[PDB]
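Next up: just one chain, as structure tokens, the form deposited in one PDB entry.
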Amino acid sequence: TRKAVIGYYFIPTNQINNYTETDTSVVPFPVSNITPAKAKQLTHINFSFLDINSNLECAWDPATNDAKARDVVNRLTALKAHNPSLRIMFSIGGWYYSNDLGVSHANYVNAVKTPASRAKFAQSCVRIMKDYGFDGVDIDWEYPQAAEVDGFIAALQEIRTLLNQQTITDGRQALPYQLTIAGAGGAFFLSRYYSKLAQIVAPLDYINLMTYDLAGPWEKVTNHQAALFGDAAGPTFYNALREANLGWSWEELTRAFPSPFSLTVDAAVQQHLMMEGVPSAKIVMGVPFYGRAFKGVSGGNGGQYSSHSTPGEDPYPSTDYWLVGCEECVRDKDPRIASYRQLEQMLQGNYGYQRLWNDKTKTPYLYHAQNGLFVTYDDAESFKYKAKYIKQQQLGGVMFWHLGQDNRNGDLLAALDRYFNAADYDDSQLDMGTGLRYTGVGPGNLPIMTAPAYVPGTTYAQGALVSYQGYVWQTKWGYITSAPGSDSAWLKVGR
């Protein structure tokens, strides 16, 4: 089956209200930039962002011109003429609306509280989807806390129920309405809901892992924001998952969550595969179409893993626009993020940037030796490794933020489509390198193992292996007379 290619289309309310396809100073990325060829290379477009209002219903920004919004959506749905598989999802949430201190966070928490709130919220999602012509619902709550997770589960299940209903009602079995979420791509936020991944993912068609922003100016050491594999020379991080409410023993937590660890794309994926009931076909790897830039960096390792002087405040404090060649930074008033489109133009614009390659992380980076700058980003080369990863691990596909940040020819999107689908591409010899893999073992990736059946009344020594009720168990100490499962003395090590 065809791998998912899920690209966000983000447009702020002011750009909707003043939508034009002929003035890049008003709308930098009009829907017209999404050509038929590009429409054939996507499977989903995540239109974004809608919100949840104080009435606890799915809603557009109250400032939205409803006619201008419908017109933007129509331009997106017209693209389905070029691709019968294409879906225009819409996204509820995002960081600004839905983080703990965001403007609407309480409406997310309160919408999922009761069966009545959940039914009201869920019905509003389907009503919105139908009123505007969307093909599915994407929820980007960043992120439900432990006590909110069950309500969030039930809210998803309720949307699932109404979406399947609407599919039968509209006779859409050939392209059924879908439900997805944006999931945390790093252990710290993932720890909030990790223990309930199985029930979170069960009503989803996909969970799109936000496997980017794994580095940034808020950390004191420069790093790759989306390393596939780990680099022993790079910084390592506390494995927050070892503190999630899993109820596991010490040996179980220790062998699932080595700490410190390399905060990589592969870590986030394996961490999802470690839980029982999380199918790899539903995991979608996120990739960034932008880079993050640091100032004040020391040479030696090309700016990698170096101290830096980049502010972490939002918004950017000063007017020091120090990313040389980033005209787009001036428009947006921030030198710390630059679209791939813009970084490509910096590389070919003779500005003093050197493109380097880390063969552990399998990602590019820019070092500005004169100005002491470092940029972590992704490109068509790094997408080669991530695509082969997606194929090797049988993931559902790829997600990226966002369409507007690709270059004018859509090379990043075309690359992703190519690596999955082109007869003229062959990655069978692509060498995935020797970067650090995430080797945690959990209930969802226990190996098949073979051991004598458990004999009741036997006294087992330490390390003995025994087969019992569908698992292979190992003793942690000696003189074991208890049965496996029933006792602190046995470790489940295989199936």
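C-alpha atoms forming the largest set that superposes within 1.5 Å between two forms make up the rigid core. For every residue, the number given is its place in the sequence shown, counted from 1.
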Entry-level comparison of average CA B-factors, 304 to 312 and 96 to 104, reporting the higher stretch: 304 to 312
Once average C-alpha B-factors are taken from the entry for 217 to 225 and 256 to 264, the winner is 217 to 225
Among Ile88, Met210, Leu241, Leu373 - the residue whose C-alpha B-factor is largest in the record: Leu373
Out of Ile283, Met346, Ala380, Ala182, which one has a C-alpha B factor higher than all the others in the entry? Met346
Compared with the other modelled residues in the chain, in which third is the CA B-factor of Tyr351? highest
Tertile call for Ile45 (CA temperature factor, within chain, third-based) is the lowest
Chain-wide C-alpha B factor ranking for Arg192, given as lowest, middle or highest third: lowest
Based on the deposited C-alpha B factors for this chain, I'd like to know if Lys295 is in the lowest, middle or highest third. highest
Compare the C-alpha B factor of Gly325 with those of the other modelled residues in its chain, then answer lowest, middle or highest third. highest
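The same protein also has a form deposited in another entry, omitted here; what follows describes it.
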Choose, among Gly444, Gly440, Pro28, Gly435, the residue with a C-alpha displacement of 2 Å or more between this form and the one not shown when the rigid core is used for superposition. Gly444
